[PDB]
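*Asks:* Structure incoming, see below.
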Amino acid sequence: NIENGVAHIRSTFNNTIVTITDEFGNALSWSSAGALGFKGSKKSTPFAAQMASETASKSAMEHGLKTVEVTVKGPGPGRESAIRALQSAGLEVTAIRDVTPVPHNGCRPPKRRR
Amino acid sequence: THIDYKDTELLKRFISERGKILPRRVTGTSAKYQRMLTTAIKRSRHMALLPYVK
Amino acid sequence: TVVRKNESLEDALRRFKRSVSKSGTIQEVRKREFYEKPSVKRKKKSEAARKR
Amino acid sequence: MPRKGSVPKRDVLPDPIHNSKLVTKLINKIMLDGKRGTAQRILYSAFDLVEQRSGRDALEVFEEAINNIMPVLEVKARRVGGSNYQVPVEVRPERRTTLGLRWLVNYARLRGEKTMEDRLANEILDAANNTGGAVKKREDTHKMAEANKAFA
Amino acid sequence: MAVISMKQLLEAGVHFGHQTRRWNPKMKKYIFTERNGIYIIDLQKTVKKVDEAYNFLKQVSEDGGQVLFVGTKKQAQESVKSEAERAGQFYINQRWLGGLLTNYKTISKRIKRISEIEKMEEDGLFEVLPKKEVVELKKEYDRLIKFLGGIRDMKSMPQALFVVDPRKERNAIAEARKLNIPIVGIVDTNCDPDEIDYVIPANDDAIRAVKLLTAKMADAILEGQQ
RNA sequence: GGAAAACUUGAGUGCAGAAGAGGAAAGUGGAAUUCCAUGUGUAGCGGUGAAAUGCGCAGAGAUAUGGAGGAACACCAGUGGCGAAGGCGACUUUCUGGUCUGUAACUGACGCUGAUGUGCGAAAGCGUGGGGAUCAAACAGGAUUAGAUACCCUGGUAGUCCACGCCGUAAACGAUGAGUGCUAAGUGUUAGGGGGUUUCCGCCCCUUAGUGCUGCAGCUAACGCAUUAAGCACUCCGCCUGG
């Protein structure tokens, strides 16, 4: 359990969310932008990813899982600023993947916004 | 000639670096080659000789 | 899905920023933010082809 | 002409006593209502008490006191509408010099004593010892521009 | 995996050869055709040669030997120095000195000098010298590391040699066959493959045809070490 | 015009090649959405110009595996292809329609247009049943505003989907009926046909029929159209004659 894991981020258009887990995903720790006193619409900032990443990573503490090999799963503004701020914790980011859900034209998306 | 759907090595230089199709704009093939290709690349997706995404 | 090692993190990003821009992820989900009408994408693709 | 380009900034004349440009710029800002002599006399009697309450000569003490006044980040408002509209922007070196002189005088005028004989010199030794009232609003700018750091 | 893939091998442009009317008839095996006075190197067959070039050069460094890299063609001079440093082997940029594999009981006499003349001025014995004798002691110093700059730390004979052109570097290959040293090299049209034992048919007057082909052979010894 | 003959171009069948999201029915497949079950795990998630309604401590979201179900078919994908129009986009098989090219064997005007008639005809609708995942009129609630029944947000029914009968209307538009001739050129591209070459297949060259972009003559009230006429003609049909 020590120094082996998968880091999941999915920054949407709001509220960059990060959950770090082991290599066979079991949700070791997680944090958000709402868990740092960002109430609303400040969460869609790269500066919100500057603190939300390591405050789940450094407050994991159960096994010393200190490698991540992060996974990106969202179109957001704080996308690459959550892995740049992950080496502020310094956890040897070794395999970056953009695993985002892309449909094969499957379902009907919602209405246009006037 | 005609593209056979088992001949993977000449057929996977046309697949993308994730599993998509390169357009003939960037590959450079002709018109009727590209759509004789695409009915063979998609029978090879169905029998797991090539993925849908990697 | 590309592994980048034997370097820093500020150079693996430079690989990853152009390994996403040369992919149908960001231009695909920006297209499907809202349902467009089935005859206005045929003109949207026509404007994205006549300009090249 | 502030839209043809930039205005050509002009030269000043340094002080005769301290041999310093920074002293004369302090003379011009404490010069209330064009009175040169009646304000310069007060500055020439507001660094003797500096040199009385500290053995060092005040030309060292002046440029040591203003470094606890001069901030390194400030707020310039950009009209973004519904956003925060408060961008933390660093300070150009000309405004870096001026805005320290501004806070040093504007809070020297709000003390208990009436004479600027010792209204000025008390706040200088406070700024020399990194305390007082003109220092504590630099930290107020460094708790405002450094709180909204999402616009670097 | 094992070989260079077909896409980046011809993207470097190794299928080009030299001109027809400038042809060697012994290179008929390694030519696919000529298009506009220009020949076409058989691309499928040079992959069947560069893997054989990869096989022995893997296991030469397994014994701990020293492979000599030479390059003197002007568009391929500094493409072999940067690949010898990554390999940790010995390079040649300038012209063949004329005996550095055969009369090297007088060349190592001067590799002893370059281990000495730079020591001679880092310590004393430099202030007492005349200011123009300072010049010729330094005019000797750079001209040693011009020609023998890659043979700076080499003190013995090599066990393999890697040439970019047997035509312009025919002085080296003639010294190789007298010493029974095995030889591998990039040949094309206007090159004799008879004196080369381990043949790599590739283009020779293009930089990527060198650099995307001389790098893997430089890489071929690194995973032979461990 | 009638009658008796003769002809081959028009028209049609042969023979030989092609190209195609042309239809219909039955199978197969992957990504995503939603819901459920479970593991692990902890305070928010969601949303906006800002918030709130809503959801969560009866374990939410996030993450991982598995399941069920409905709907569509990313990339290829293009001022590309096919069809009379509406239209048609995963893949496979069966059944079936049309066009184009080339050869000239054959039939010998068999042609064109077509009132009344008879059939197809997007969506939204309606009927009888199914099915119901997303989306979503009506409707409910929260914000905005000067004000709302609007815009925005949460939720949501008919519908969206299938089968069978209807309905027969659209800015159903190239705002241009069909047929056949004739009249500068230049340029992309499609299935070819050739080709010259080849290329390591690359190409670059002349060739019916499509499909675009420029542009003379001519035309138009002017914009513009211009071998895909809105030019020059002939046939037939639909239709207009102030608002």
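*Asks:* Cα gyration tensor of the protein assembly as shown, axes a ≥ b ≥ c as square roots of the eigenvalues: rounded (a/c below 1.5), prolate (a/b > b/c) or oblate?
*Replies:* Judged from the Cα gyration tensor, the protein assembly as shown comes out oblate (a/c at least 1.5, b/c at or above a/b).
*Asks:* A further question follows. Which residue, C:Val40, C:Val29, C:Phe16, has the largest displacement toward the positive end of the dipole of chain C when charges sit on each Cβ (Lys, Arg +1; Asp, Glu -1)?
*Replies:* The residue sitting farthest along the positive end of the dipole is C:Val40.
*Asks:* Using r as the Cβ-Cβ distance of C:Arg14 and E:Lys132, and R0 as 51 Å, what FRET efficiency do you calculate, to the nearest 0.05?
*Replies:* About 0.50, to the nearest 0.05.
*Asks:* Also: Could you work out the mean count of beta carbons from other protein chains within 10 Å of each residue's beta carbon in D:21-31?
*Replies:* What the average comes to for D:21-31 is 0.
*Asks:* Please list the non-local residues whose amide H lies under 5 Å from the amide H of E:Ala160, H modeled 1.01 Å from N, same-chain partners needing a gap of 5 or more.
*Replies:* Long-range HN contacts for E:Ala160: E:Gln66, E:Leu68.
*Asks:* With 25 Å as the limit, write out which pairs from E:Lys26/E:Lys178; A:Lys39/C:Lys22; E:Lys81/E:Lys155; E:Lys58/E:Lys109; D:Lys25/D:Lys136 have Cα-Cα distances beyond it, or answer none.
*Replies:* From the list (E:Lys26/E:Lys178; A:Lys39/C:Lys22; E:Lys81/E:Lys155; E:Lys58/E:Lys109; D:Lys25/D:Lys136), the Cα-Cα distance tops 25 Å for A:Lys39/C:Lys22; E:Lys58/E:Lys109.
*Asks:* Gap in Å between the Cα centre of region D:105-119 and the Cα centre of region A:11-61?
*Replies:* Region A:11-61 and region D:105-119 have Cα centres separated by 50 Å.
*Asks:* Based on the Cβ-Cβ distance of E:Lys74 and D:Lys143, what FRET efficiency does E = 1/(1 + (r/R0)^6) give at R0 = 56 Å, to the nearest 0.05?
*Replies:* 0.30
*Asks:* What's the extension gain from E:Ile117 to E:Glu62 if we count 0.36 nm per residue and subtract their Cα-Cα distance?
*Replies:* Going from the current span to full extension adds 16.4 nm.
*Asks:* Taking the Cα centre of chain E as origin, work out the dipole magnitude from +1 charges on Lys and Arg Cβ and -1 charges on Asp and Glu Cβ, in debye rounded to 20.
*Replies:* The calculated dipole for chain E is roughly 740 debye.
*Asks:* Continuing with this model, one more query. Report, in whole Å, the centroid distance computed from the Cα atoms of region E:124-144 and region E:1-69.
*Replies:* Between the Cα centres of region E:124-144 and region E:1-69 lies a distance of 46 Å.
*Asks:* Order E:21-28, B:15-22 from most to least packed using the mean count of other Cβ atoms within 10 Å.
*Replies:* In decreasing order of mean packing, E:21-28, B:15-22 become B:15-22, E:21-28.
*Asks:* With only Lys, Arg, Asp and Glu charged, each at its Cβ (+1 for the first two, -1 for the last two), find how big the charge dipole of the protein assembly as shown is about the Cα centre; round to the nearest 20 debye.
*Replies:* Roughly 4780 debye, rounded to the nearest 20.
*Asks:* Here's something else I'd like to know. Of E:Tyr198, B:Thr1, E:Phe147, which is farthest towards the positive pole of the protein assembly as shown's charge dipole, taken about the Cα centre with +1 and -1 on the beta-carbons of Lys, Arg and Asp, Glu respectively?
*Replies:* Result: B:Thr1, furthest along the dipole toward the positive end.
*Asks:* Continuing with the same structure: Please give me, ordered by residue number, the chymotrypsin sites (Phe, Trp or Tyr not before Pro) of region A:15-114 that lie in loop per DSSP and have at most 12 other Cβ atoms within 10 Å.
*Replies:* Filter output for region A:15-114: A:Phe24.
*Asks:* Could you work out the relative contact order of region E:32-112, using alpha carbon pairs under 8 angstrom and six or more residues apart, expressed as a whole percent?
*Replies:* Computed value for region E:32-112: 19 percent relative contact order.
*Asks:* Could you compute the longest span of chain A free of GluC sites (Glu not before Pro) located in DSSP loops and having at most 12 other Cβ atoms within 10 Å, not counting the site residues?
*Replies:* Result, exposed sites excluded: A:63-114.
*Asks:* Need one number: nm distance between label points at E:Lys29 and E:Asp219, each 7 Å from Cα along Cα→Cβ, rounded to one decimal.
*Replies:* So the label points at E:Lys29 and E:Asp219 sit 2.8 nm apart.
*Asks:* Work out the FRET efficiency for E:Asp142 and E:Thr20 from their Cβ-Cβ distance, taking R0 = 51 Å, and round it to the nearest 0.05.
*Replies:* E(calc), rounded to 0.05, equals 0.75.
*Asks:* Related question: Considering only DSSP states other than H, G, I, E and B, which trypsin sites (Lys or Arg not before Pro) in region E:141-178 qualify as loop sites with at most 12 other Cβ atoms within 10 Å?
*Replies:* E:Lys155
*Asks:* Here is a follow-up. Averaged over peptide A:104-113, how many Cβ atoms belonging to another chain are found within 10 Å of each residue's Cβ?
*Replies:* Rounded to a whole number, the mean comes out at 3.
*Asks:* Per residue of A:93-103, what is the mean number of Cβ atoms on other protein chains within 10 angstrom of that residue's Cβ?
*Replies:* 6
*Asks:* Now for a different question. Considering only DSSP states other than H, G, I, E and B, which GluC sites (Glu not before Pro) in chain C qualify as loop sites with at most 10 other Cβ atoms within 10 Å?
*Replies:* The qualifying sites are C:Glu7.
Reconstructed Cβ throughout: ideal geometry from the backbone, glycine too, with neighbour counts over all protein chains shown. Taken together, the values in this text are just the output of simple stated rules run on the coordinates, not laboratory data.
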